[PDB]
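Colleague:
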Amino acid sequence: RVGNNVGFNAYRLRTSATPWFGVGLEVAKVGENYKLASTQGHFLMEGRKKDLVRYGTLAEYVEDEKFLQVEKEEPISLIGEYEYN
Amino acid sequence: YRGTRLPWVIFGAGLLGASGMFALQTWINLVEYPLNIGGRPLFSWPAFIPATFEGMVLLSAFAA
Amino acid sequence: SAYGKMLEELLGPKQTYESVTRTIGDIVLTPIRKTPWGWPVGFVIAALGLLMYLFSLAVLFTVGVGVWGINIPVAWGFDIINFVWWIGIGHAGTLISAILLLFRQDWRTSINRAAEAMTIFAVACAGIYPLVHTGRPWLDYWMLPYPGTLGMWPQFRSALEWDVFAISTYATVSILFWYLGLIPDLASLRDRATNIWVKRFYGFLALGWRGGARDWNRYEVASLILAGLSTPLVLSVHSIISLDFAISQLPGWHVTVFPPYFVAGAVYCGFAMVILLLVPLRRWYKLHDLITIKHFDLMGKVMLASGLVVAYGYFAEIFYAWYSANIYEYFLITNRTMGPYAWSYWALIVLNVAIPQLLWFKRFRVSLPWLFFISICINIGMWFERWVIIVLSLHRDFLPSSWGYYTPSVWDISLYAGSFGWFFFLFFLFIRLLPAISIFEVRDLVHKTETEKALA
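Now the structure itself:
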């Protein structure tokens, strides 16, 4: 009842001689719109590096360990502070 | 007639609905079950005022 | 005199106390099946809209809150765009009934009850969304403080907890200030009924009114203080409703100028609904001698004095988005002007900053077809403002991996378009059962016009 009609059975395209890749494909779109439920949405780091996954390279990590840790002062917070001992 | 004594019972019941609602949220957040809700302080002196204001407007208009 | 020339522009050619009463005592106290057509074939279209209301609620309670098309980024869709809209409408019904009573102005007397009763029925359709947009509506009593055998109390740090204190106060204060403004009129309807069980109905609502020399002084102080309490109330009710966006750290939501711009937006969209409901009440119901064109000339100006604080709020939200050197509020400008819902911010500037600038010219204010077209353009435009603030700022925020779209389902449309049923089911009941325009407040401004004509 779960995988009963999740479409595109890709097993009916193999050949048993080219079972993993073949170069005889004709695409020829015959459809207009499909649902294609994906969870993410935007697949681009919209300039929001330093808040999303920060990247670098070992070429610039051996020369400066804290090369992507931004040096920011202690942010002011009006809303108290609780201790978790 | 020489004036009505109604504005004094509106204010008396409006000060009772303001000091009775600010003293309810403070009691709810300090004495009776104080919660660490959001890292915010227990006596959040703001966020108690928009609910003791409408306790002042409500109790006054009930006595108006 | 210069004071008589502004009183005589609010009333007809010649009116006495029994004429202003008979004009309003004939839209009421006319017999059933003598009631004018257009009411029953308007009350049926309003009742069929209510059957869509109670069926979109019975489908919502039974199936779930997720028949609304609300996503996880944008969990607040039509249910809150229409809550802030419907409660926004009700705010300029008390600016007429209460805030203008502070200014002792007299262009409020004819439009008093047709706006004060317009508030209540725009709260009866706005007080339901915070009671029904919750996923578990049956536990909505948990947002009230009560000793309840488990030590939990409501939070009193979230504006959804101030809403249930603003909406519930706004309801039971704009109801009492409206029922206060009716006891003298329901005494006029009782004394002029000449029908037992109709005179008893209004005689029971108008408790013992009696007129009275001292009963009128106690009324003038109760009505002034209530007007002086419903002035900071509605300045705070749509400011508290403003704070269920401004206490959130979202880029398009944490705009600090939301309180004096949501209030300015509520008075903006509200007068549009007042005009949309009075051009028919002035034309169909023969109230040309009471709701004169000077009332619409001045409502079009107060709808303009508020629409420019909204058209300023669209700039104090664009500028200080840019003036904030954030990546996330820079994107806010490039998500409303550009982006997938770009047309929402452009069917907003056109409908609040471009089309309703015609209220500047008296040519487009006295002319009711333009004032009725600008009011349509504001009610739709001020709905798109509540869509830009809520959905256009939720569906694209921090963390690009959490960007939704919110195409509203049929049960958002069949609940909002059915909410106008619950509005007009009560608004057509109010017209027929109660005086659709104040009687003693229009007895005054007739006694005030003769008092000014006496000196001249």
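These protein sequence lines are chains A, B and C, in that order.
With the first letter of the first sequence counted as 1, position 51 gets the number 722 in UniProt numbering; the numbers rise by one all the way through.
With the first letter of the second sequence counted as 1, position 11 gets the number 75 in UniProt numbering; the numbers rise by one all the way through.
With the first letter of the third sequence counted as 1, position 135 gets the number 143 in UniProt numbering; the numbers rise by one all the way through.
For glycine and all other residues, C-beta sits at the position ideal for the given N, C-alpha and C.
1) Could you tell me whether the Cβ atoms of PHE185/C and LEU110/C are closer together than 7 Å?
2) Can you tell me the Cα-Cα spacing of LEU158/C and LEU152/C, whole angstroms?
3) Among the residues of its own chain, which have a CB less than 6 Å from the CB of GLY412/C, if the five just before and after it don't count?
4) Please report the straight-line C-alpha distance between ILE92/B and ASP193/C, rounded to a whole angstrom.
5) Output, in chain order, the set of chain B residues within a Cβ distance shorter than 7 Å of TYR753/A.
6) Check the Cβ of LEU715/A against every Cβ in chain C and list those closer than 9 Å, keeping chain order.
7) Give the secondary structure of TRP109/B by DSSP, where H, G and I count as helix, E and B as strand, and everything else as coil.
8) Tell me where the alpha helix (DSSP H) around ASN343/C begins and ends.
9) Looking at C-alpha atoms only, which residue of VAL396/C, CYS385/C, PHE369/C and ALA125/C is the closest neighbour of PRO348/C?
10) Consider the Cβ of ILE750/A: report whether some Cβ of chain B lies at a distance smaller than 7 Å.
11) Is it true that the segment 166-173 of chain C meets the segment 238-257 of chain C, where meeting means three or more beta-carbon pairs spaced less than 8 Å apart?
12) When you compare the CB of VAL73/B with every CB in chain C, is at least one pair closer than 7 Å?
13) Let me make sure I understand the geometry here. Which of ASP199/C, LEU243/C and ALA230/C has the alpha-carbon closest to that of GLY98/C?
14) Please return the same chain residues whose Cβ sits closer than 8 Å to the Cβ of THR300/C, not counting the five positions on each side in sequence.
15) Closest by CA to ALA125/B, which one among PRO71/B, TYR65/B, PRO114/B and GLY67/B?
16) Does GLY211/C come out as helix, strand or coil in the three-state DSSP assignment?
17) Taking 7 Å as the threshold (beta carbon to beta carbon), is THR177/C in contact with chain B?
18) At 3 residues or longer, and completely inside the segment 168-204 of chain C: list those beta strand (DSSP E) runs for me, N to C.
19) Using CA coordinates, which residue listed in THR459/C, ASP452/C and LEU441/C is at the minimum distance from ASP34/C?
20) If you draw a straight line from the alpha carbon of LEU696/A to that of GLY718/A, how long is it in whole angstroms?
21) Is DSSP giving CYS133/C helix, strand or coil here?
22) Going straight from the alpha carbon of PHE433/C to that of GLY211/C, what length do you get?
23) On the criterion of 16 or more Cβ atoms from any shown chain inside 10 Å, does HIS455/C qualify as buried, or is it exposed?
24) Pull out every residue of the segment 109-121 of chain B whose Cβ sits closer than 8 Å to any Cβ of chain C, in chain order.
25) Please report the straight-line C-alpha distance between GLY308/C and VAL73/C, rounded to a whole angstrom.
26) Taking only three categories from DSSP, how would you classify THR300/C?
27) Among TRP368/C, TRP47/C and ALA134/C, which has the Cα closest to the Cα of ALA274/C?
28) Just to confirm the assignment, what range does the alpha helix (DSSP H) spanning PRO48/C have?
29) Count Cβ pairs between the segment 309-323 of chain C and the segment 267-281 of chain C that sit closer than 8 Å; are there 3 or more?
30) Here's the rule: buried if 16 or more other CB atoms are within 10 angstroms of the residue's CB, otherwise exposed. What is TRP45/C?
31) Is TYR353/C helix, strand or coil by DSSP?
32) Please state the DSSP three-state secondary structure of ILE326/C.
33) Measuring alpha carbon to alpha carbon, tell me which residue in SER427/C, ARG222/C, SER446/C and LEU289/C is nearest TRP94/C.
34) Are the beta-carbon atoms belonging to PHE304/C and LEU379/C less than 7 Å from one another?
35) Identify which residue in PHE392/C, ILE335/C and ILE248/C has its Cα closest to the Cα of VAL358/C.
36) Threshold first: 4 residues or longer. Then list the alpha helix (DSSP H) segments lying entirely within the segment 708-753 of chain A, N to C.
Modeller: Answer, in terms of the structure:
1) Going by beta carbons, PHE185/C and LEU110/C fall outside the 7 Å limit.
2) Near 13 Å, if we compare the C-alpha coordinates of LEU152/C and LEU158/C.
3) Excluding residues within five positions, the ones whose Cβ falls inside 6 Å are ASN79, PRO81, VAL82 and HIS403.
4) If you take the alpha carbons of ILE92/B and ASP193/C, they lie about 44 Å apart.
5) Chain-ordered, the chain B residues with CB closer than 7 Å to the CB of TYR753/A read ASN100 and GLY103.
6) Within chain C, the residues near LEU715/A are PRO408.
7) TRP109/B: coil per DSSP, three-state reduction.
8) 335-344 is the span of the alpha helix (DSSP H), which, as asked, contains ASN343/C.
9) Nearest in C-alpha terms to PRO348/C, of all of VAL396/C, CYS385/C, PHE369/C and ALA125/C, is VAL396/C.
10) So yes, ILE750/A belongs to the interface.
11) Cβ pair count under 8 Å is three or more, so yes.
12) Nearest CB-CB separation between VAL73/B and chain C: not below the 7 Å threshold.
13) With distances taken between Cα atoms, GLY98/C lies closest to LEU243/C.
14) Same-chain partners within the cutoff: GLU17, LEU18, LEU19, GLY20 and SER118.
15) Of the listed residues, the one whose Cα sits closest to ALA125/B is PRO71/B.
16) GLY211/C: helix per DSSP, three-state reduction.
17) At least one chain B Cβ lies under 7 Å of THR177/C.
18) Segments of the beta strand (DSSP E) lying fully in the segment 168-204 of chain C: there are none.
19) Measuring from the Cα of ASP34/C, the nearest candidate turns out to be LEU441/C.
20) Rounded to whole angstroms, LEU696/A and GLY718/A show a C-alpha spacing of 38 Å.
21) The DSSP-derived three-state label of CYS133/C is coil.
22) Cα-Cα distance, rounded: 24 Å.
23) Exposed, by the Cβ-count rule.
24) Along the segment 109-121 of chain B, going in chain order, the ones with a CB nearer than 8 Å to a CB of chain C are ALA111, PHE112, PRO114, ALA115, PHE117, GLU118, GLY119 and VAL121.
25) Rounded to whole angstroms, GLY308/C to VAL73/C spans 39 Å at the Cα level.
26) In the structure shown, the three-state DSSP call for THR300/C is coil.
27) The candidate whose alpha carbon is nearest that of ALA274/C is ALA134/C.
28) Boundaries of the alpha helix (DSSP H) harbouring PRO48/C: 48-71, taken from the DSSP string.
29) Counting Cβ pairs under 8 Å, three or more are found: they touch.
30) That one is exposed.
31) If DSSP states are grouped into helix, strand and coil, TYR353/C belongs with the helices.
32) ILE326/C sits in coil when the DSSP states are folded into three classes, being neither helix nor strand.
33) Of the candidates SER427/C, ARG222/C, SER446/C and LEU289/C, the one whose C-alpha sits nearest the C-alpha of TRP94/C is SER427/C.
34) The Cβ atoms of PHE304/C and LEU379/C sit closer than 7 Å to each other.
35) It is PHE392/C whose Cα lies nearest to the Cα of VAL358/C.
36) The segment 708-753 of chain A contains no whole alpha helix (DSSP H) run of 4 or more residues.
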